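Participant: Dropping a structure here in structure tokens format, bear with me for questions.
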Amino acid sequence: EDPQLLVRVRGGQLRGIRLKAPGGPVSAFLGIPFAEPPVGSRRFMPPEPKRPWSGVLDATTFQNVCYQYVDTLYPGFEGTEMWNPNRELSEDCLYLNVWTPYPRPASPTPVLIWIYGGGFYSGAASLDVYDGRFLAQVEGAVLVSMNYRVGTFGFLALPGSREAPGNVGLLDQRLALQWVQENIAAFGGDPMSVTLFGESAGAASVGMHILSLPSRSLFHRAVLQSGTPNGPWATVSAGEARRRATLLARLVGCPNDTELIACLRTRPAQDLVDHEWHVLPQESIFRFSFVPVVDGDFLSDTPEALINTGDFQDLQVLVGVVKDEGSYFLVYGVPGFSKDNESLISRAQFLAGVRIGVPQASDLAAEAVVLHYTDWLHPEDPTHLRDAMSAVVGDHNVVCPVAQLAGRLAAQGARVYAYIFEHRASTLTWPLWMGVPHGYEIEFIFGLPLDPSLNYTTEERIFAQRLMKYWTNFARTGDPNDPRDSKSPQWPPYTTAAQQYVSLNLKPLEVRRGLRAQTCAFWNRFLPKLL
Amino acid sequence: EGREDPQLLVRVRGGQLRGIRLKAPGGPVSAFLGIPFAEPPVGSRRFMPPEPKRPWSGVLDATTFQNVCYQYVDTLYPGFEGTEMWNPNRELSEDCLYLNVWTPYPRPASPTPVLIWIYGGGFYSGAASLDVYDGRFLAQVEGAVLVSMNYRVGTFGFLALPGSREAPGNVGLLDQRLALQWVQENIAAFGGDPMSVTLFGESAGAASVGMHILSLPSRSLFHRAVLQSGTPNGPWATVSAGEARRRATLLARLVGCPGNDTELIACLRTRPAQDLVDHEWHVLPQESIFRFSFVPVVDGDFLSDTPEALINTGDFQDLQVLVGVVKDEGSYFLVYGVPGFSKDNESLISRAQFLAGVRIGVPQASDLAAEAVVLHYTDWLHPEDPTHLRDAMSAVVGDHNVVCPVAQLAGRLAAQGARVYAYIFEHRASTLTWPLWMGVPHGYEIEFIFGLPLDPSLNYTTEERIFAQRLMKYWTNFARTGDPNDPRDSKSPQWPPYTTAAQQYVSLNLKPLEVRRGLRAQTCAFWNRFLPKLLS
Ligand SMILES: Nc1ccc2c(c1)c(-c1ccccc1)[n+](CCCCCCc1cnnn1CCNc1c3c(nc4ccccc14)CCCC3)c1cc(N)ccc21
Ligand SMILES: Nc1ccc2c(c1)c(-c1ccccc1)[n+](CCCCCCc1cnnn1CCNc1c3c(nc4ccccc14)CCCC3)c1cc(N)ccc21
Ligand SMILES: *[C@@H]1O[C@H](CO[C@@H]2O[C@@H](C)[C@@H](O)[C@@H](O)[C@@H]2O)[C@@H](O)[C@H](O)[C@H]1NC(C)=O
Ligand SMILES: *[C@@H]1O[C@H](CO)[C@@H](O)[C@H](O)[C@H]1NC(C)=O
Ligand SMILES: *[C@@H]1O[C@H](CO)[C@@H](O)[C@H](O)[C@H]1NC(C)=O
């Protein structure tokens, strides 16, 4: 037995495992249940807290991944498989993981809680890129990550019903947040200092906790990476959720709400996943079938309405984007694109791609996009068209929602820091034309390059140490800047007037102004006026 | 005759003319000023097409500029050179259809290429006799034969009840056309070559040139064209028949006229010319700048369709054109009608004054289209900055009315067979009396093309005189060959043709020619491709 690996949480005792990080040991408590398995009659239902257990619960391995569609686009390719589930799929999946220093820290340490992305249809806290051992060892952080239900299981809603109220995957996250409030001190974490951080759908989830009062007392700071609660993909109206839910029911042979959900509950999980994709209203990319719903409960209005009127005075937020947010979404649904060629496209392929990238857009709005993004000096150069298609998808779904959120939070009292991440991993297996794709900053924030077996360059290890410091300084103080540093330069807060953000790359911080300011006026101010 | 300079007696189809030896800096030139090319369009000939001048007896004196065509005189700023240099410099009269010819002295040995100038002035003003249009320097230094004509402006030139006998429209363009016919028949008497006639003009002058390009009967009367800071396409140079009818009959109401067309025009014909000018401005459908009340009409005759339709479908295979713009086309139009702007202060304006200005600068625009303009022209990094707003207001007016029309025209002509050369003129005259903020305003390249800086009494710098000599050479090489470049000169950098592929144009300033690509390409996609689709 090892006292440092025995912890008593409120449900009883846990045994963790000493794990090896490059510079020393860390304690890991993996697979801790925070909820009753949401199975059988509990499918689609809010999570209940886990009941207490006897003896010592084994907490030395990651638990099952929440049931989800598995990507078979490019089978065996590292670029796709690194996101695929690395444990058994199961509806019995409400577990969380904790990493701490070894030995467990002496005084209460700031807590980071990670929320994975995956389009609210996939993801797992157990992936290698979300491995908390480096941040625990090097920075002394207590790092927590949870599984939350995705797809139909997490987000299928018949709004107004008792038996499928919507947003239960967000409630899974919220329950893990409560679990941290009540238990994290047993691990040496500080429940008074809890920073949420997430990427993609994880970022939008973080944004949703910011916009939902019952979550607000469970954390103090937030980081949104390449995703937001506002924007075209992260939510749906109640009407639209109802429509998709009842269409999914029809597709699997079902059948009033109670009857309909009862039958959905009799269906094997894989039947639901088999048809999940068929409920989208249009051919589209960067759209997902079952996402958070504007229910009037968890989300009291649309995110757009909530960020416009919210009071964010005592909030600190770090937000940013990568250099090429949209590149990889193209190789899924857009004709002309592939990971295996340079994807040089024609003008026709670009207008066709824009209808798919901006599926809500009328003929006139689609023309406005095309006219804005064309290079009128080289109107038909296939490189510019490819890159423009990528920028359309990235700007519309991520960059301009992020700029919008930053502006509103800062205007209404938040302290905001913003970045753009422009370093492409030397280890990346996606082709060069995709640049720095959606998701490829995470491995740097989590400190993976410090593992010498992963073949990252030396500059990359040092860059990762820099980022871990920004993120943990932010978690500790609300400010990413290193207080033991004059040789700087300083990361300024984002404001609506100056609009300062920084480049995160191998060169030292450069401060820039305006986050695609002209192009975001197009998406955030002009395009909505085209109805 | 018998006692006079024998090098100044010439005969033309209408009769004998006596010209005048004028002094230019480097030598004498011949001038034949005030030659009538039409019957005075007065009395029952008001609003009617011009008839050719009837022959005269004896020797017509051609030593002074004749009357300026009846027009509104600008009195905003009394004493001020910046406005007065464009105002009439001879008596105003409906009897105004005269032209001017300048040639070397002595008159050239072999037939010389002919430039014909067409003045601007919003189709409501202008005169061929202004100092900026003085043909002596091009005649002396480059050996050119230069011809300029007076044509009717305002109501007298463009008031139309389309379909009628008595006010058919476009008669000012017909005056121009008649002077072109007069050059064909007579210019060889002066040593000019009717086989080599280049039209050139600025502002409404340029649009007029473009209208001759687009109208078949004009096409046989010239070989090459220069359009400076103006075009036949675009929002101001024409009106539909319906709209001309509407303005003509509104003007008639306003002067008491008081109901078929003959009756109405007959009563307009009894009105004093100054009554018509006193109400000319009152017929515009909105508060607006860069809009003029009586302009060429799409009649189905002179213009068989809209200029936009004609440049899209035209065959311009054997045509050479030089086109361009000045650095600050719009700046000047702001001091006229936009609240916030003045020649006497820096005109730093607010964001509210900018949206108000945009409604005036783009009067056809819906609420939605006006937001699109404002959003496009806003600097989102400093959206409240009053210097940027001022300059943006100027750019909106300039781009919409001149730069993007010129880009559109250049693109269509080049794509459908023309040889096109394109420029932006960026030198501000050292002698300019408008404020610095206005930059290089609409019209202020003209004095350089005509070579005024060569007159030592006008106080231009030395570099400016050299620059003027350069421009005169580009213009006259273009007139001579269809190519502004010097054939021998290898050291001087070349002006390449504007093409759709490479979109090349040149900077005209004190530094040697720099080649640039894309004429406000991104912003002109907004005005030429997007904005029209905001028709719904
Ligand atoms: N014939 C069928 C039948 C069923 C489904 C099908 C196709 C497809 C599909 C495959 C190819 C082309 C078009 C569609 N998709 C996928 C739709 C597109 C999903 C977009 C990719 C995405 C978006 N957010 N997470 N992921 C999953 C990939 N994981 C990544 C993630 C991240 N970054 C990256 C970067 C590069 C590559 C992958 C990747 C970052 C955050 C988390 C995950 C599914 C999606 C469903 N929700 C359900 C079923 C199916
Ligand atoms: N109280 C009254 C009574 C009657 C009229 C009134 C006002 C005004 C007016 C004056 C000041 C402010 C607003 C309106 N305008 C003028 C409307 C706008 C005129 C725009 C100016 C213009 C445009 N094209 N030619 N010009 C005439 C000036 N000549 C120039 C020309 C050029 N460049 C310049 C550059 C700077 C200054 C002048 C100038 C180049 C080409 C030729 C002429 C008139 C116009 C009319 N068509 C009829 C009546 C009146
Ligand atoms: C600049 O001028 C505009 C117009 O005002 C005119 O000229 C000034 C100097 C005064 O003589 C005034 O009586 C005239 O009407 C103003 O609308 C504008 O506010 C001025 N700009 C500023 C704020 O400097
Ligand atoms: C790349 O390959 C794909 C799939 O085989 C195809 O659809 C596309 O046309 C290709 N593009 C290029 C540049 O060859
Ligand atoms: C320019 O300079 C002359 C000669 O010294 C001076 O007397 C006159 O005032 C100026 N003339 C002009 C054209 O402004």
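All residue numbers given for chain A refer to Swiss-Prot; the residues shown span 35-289, 296-571 in order.
Just so it is clear, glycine is given a Cβ too, placed from its N, Cα and C backbone atoms.
The disulfide bond annotation in Swiss-Prot covers A:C100-A:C127, A:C288-A:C303, A:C440-A:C560. The active site, acyl-ester intermediate feature in Swiss-Prot is assigned to A:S234. If you look up Swiss-Prot, you'll see A:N296, A:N381, A:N495 marked as N-linked glycosylation site. What Swiss-Prot lists as active site, charge relay system is A:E365, A:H478.
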Participant: What is the interatomic distance between the Cα atoms of A:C288 (disulfide bond) and the residue listed as 'active site, acyl-ester intermediate', given in whole Å?
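Facilitator: A:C288 (disulfide bond) to the residue listed as 'active site, acyl-ester intermediate', Cα-Cα distance: 32 Å.
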Participant: Just how many other Cβ atoms lie inside 10 Å of the Cβ on A:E365 (active site, charge relay system)?
Facilitator: 28
Participant: Distance between the Cα atoms of A:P289 and A:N296, in Å as an integer, please; the 6 residues between them are unmodelled.
Facilitator: 9
Participant: As a test of the contact definition, list every same-chain residue at least 6 positions from A:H478 (active site, charge relay system) whose Cβ is closer than 8 Å to its Cβ.
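Facilitator: Looking at Cβ-Cβ distances below 8 Å from A:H478 (active site, charge relay system), excluding near sequence neighbours, one finds A:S234, A:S260, A:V362, A:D364, A:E365, A:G366, A:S367, A:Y368, A:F369, A:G434, A:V438.
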Participant: Can you tell which of the recorded positions A:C127, A:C440, A:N495 lies nearest to A:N381 (N-linked glycosylation site) in space, using Cα positions?
Facilitator: A:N495
Participant: Nearest to A:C303 (disulfide bond) by Cα, among A:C100, A:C440, A:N495 (recorded positions)?
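Facilitator: Ranked by Cα distance from A:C303 (disulfide bond), first place goes to A:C100.
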Participant: Just counting, how many other CB atoms are there within 10 A of the CB of A:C560 (disulfide bond)?
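Facilitator: Here the count is 22.
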Participant: How many neighbouring Cβ atoms, not counting its own, are there within 10 Å of the Cβ of A:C127 (disulfide bond)?
Facilitator: 29
Participant: Please work out the number of neighbouring Cβ atoms within 10 Å of the Cβ of A:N296 (N-linked glycosylation site), leaving out its own Cβ.
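Facilitator: Around the Cβ of A:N296 (N-linked glycosylation site), 8 other Cβ atoms lie within 10 Å.
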Participant: If you compare CA-to-CA distances from A:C440 (disulfide bond) to each of the recorded positions A:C100, A:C127, A:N296, which comes out shortest?
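Facilitator: Considering only the listed recorded positions, the nearest one is A:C100.
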Participant: When the Cβ positions of the recorded positions A:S234, A:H478, A:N495 are compared with the atoms of ligand 1, which fall under 6 Å?
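Facilitator: Within range of ligand 1: A:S234, A:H478.
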Participant: Sort out for me which one of A:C288, A:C440 has the most neighbouring CB atoms within 10 A, since those are the disulfide-bonded residues we care about.
Facilitator: A:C440
Participant: Using a 10 Å cut-off on CB atoms, tell me which of the disulfide-bonded residues A:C100, A:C303 is the least crowded.
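Facilitator: Counting other Cβ atoms within 10 Å of each of the disulfide-bonded residues A:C100, A:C303 gives the minimum at A:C303.
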Participant: Taking the Cβ of A:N381 (N-linked glycosylation site) as the centre, count every other Cβ atom within 10 Å, in any protein chain shown.
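Facilitator: There are 10 such Cβ atoms around A:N381 (N-linked glycosylation site).
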Participant: Need the DSSP three-state call for A:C440 (disulfide bond) to compare against my parser.
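Facilitator: DSSP call for A:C440 (disulfide bond): helix.
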Participant: Taking the Cβ of each of the recorded positions and counting other Cβ atoms inside 10 Å, which one has the highest number: A:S234, A:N495?
Facilitator: A:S234
